[PDB]
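Shown next as structure tokens: one chain only, the form deposited in one PDB entry.
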């Protein structure tokens, strides 16, 4: 039995730019469209024509935690996504909307593998379980028939960080903290071999068309070539002076593109390792890369890092630089830059247990109101640690919420255990009521009431509006999730009115919330 937590995000109606690093990239050459999977929990669509003042197309927001991987199938018609919210989501990629949500995984969904030819896709995570999926079966799901037959892969002892399938979908390999790679036949689900060789966790896997050989990059700093025939590591290339997290290959399976912690991007000739071209040196560790496959040799490479900015680097002059060459990079500046937003990297809950001070990646300090789920002031580039001090309030209020910053935005979480703990005077809370004054308001209560304001159940029946003090921004996402893991339901505050929304709120809203919002049984103060 898992308890349920109500959480919300303090953000704007629209987040045009990534508010954290990008985990996964997916390029549509047909429509010149890029897909960025964000740690900000939002997938975004961009136009990569190169000549446009603003490349922003749309943003897909259903996920409640990091978006770890994305897969663009059916000639760019469908998008499958993997998230730390424990779910896999099917999206109409052309029109940009959510279609189905697979809640089969019990923990973070870390990677996706794709068999272009057989139109198959697999998902693995910290579950230690891999799930195979037919894309056509997924594309025809949500309605009256949400019937899902789960085809799993067994063996993984540890948490999965990488997945790869060959074009034909005859081979499937997993990478984990077990250091060892496990191979299977995706069509039969049968175990093939268990390849031993790596020293650390494998964050990047790559397979050739026929699935005869596999390329792997591990946190040990090496790229390893494997023969699935010979059933072992046929070669080892030490390319990076630290962890290697992202790999890409040409169609020949001869030139490998790599990046990871050391920020350097390299093309390395597997045939002649001597030939190793430094494409560029990024401003943050490389998390994922996506080659432009419009031409052979690939004309450009799209690069995702720890930063919010996404870049394209031209590979146009490699061959000419290869014949004619203190390590000088091919590129110094990116060909195309997709702009990024700021991430809140430091936060301080003030002594009143209502105000929050934050510092972001641009060094901008800002004051926030948790209870009214909003920003209050932008203090600018003030000294943050001095600001924390300046704003010392000599008061005590019990902790009634937790804070997370894994999206680069403020996410507040309420738990049954301490949601109602903070009892403050109305005059104190800045809620002057002249002159039938100073009642003792419960902060967590009022906040819950404001969050579920548009829920009709919280008005009247009878069983024979708001909280009365404030309103939360109506676009405020209200998330319902198991404390242990699984995210249950995400809706906007303003959407609680809708009949199908209210129907879902009725099944997910836990009792501890029903008591105060619906039953109006406000807690007792002593």
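Positions refer to the first chain, counted from 1. Take the two forms, find the largest set of C-alpha atoms that superpose within 1.5 Å, and that set is the rigid core.
Although not depicted, the form solved in complex with a partner chain is the subject of the following passage.
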Residue stretch of 157 to 165, 435 to 443, 136 to 144, 71 to 79 approaching its partner chain in the entry with it bound, non-hydrogen atom distance within 4.5 Å: 157 to 165
Contact flag, residue 411 vs its partner chain in the entry with it bound, heavy atom cut 4.5 Å: no
Heavy atom of residue 61 within 4.5 Å of its partner chain in the entry with it bound: no
Non-hydrogen atom contact residue 302 with its partner chain in the entry with it bound at 4.5 angstroms: no
Residue 126: touches its partner chain in the entry with it bound, heavy atom cutoff 4.5 angstroms: yes
Three-residue site 177, 345 and 405 fully in contact with its partner chain in the entry with it bound at 4.5 Å by heavy atom: yes
Sole residue of 116, 316, 375, 261 within 4.5 Å of its partner chain in the entry with it bound, by heavy atom: 261
The single option of 455, 420, 108, 184 touching its partner chain in the entry with it bound, heavy atom within 4.5 Å: 108
Rigid core superposition between this form and the one not shown: residue from 438, 415, 335, 269 with Cα shift of 2 Å or more: 438
Rigid core superposition, residue 381 Cα moves 2 angstroms or more between this form and the one not shown: no
Residue 295 C-alpha shift between this form and the one not shown of 2 Å or more, rigid core reference: no
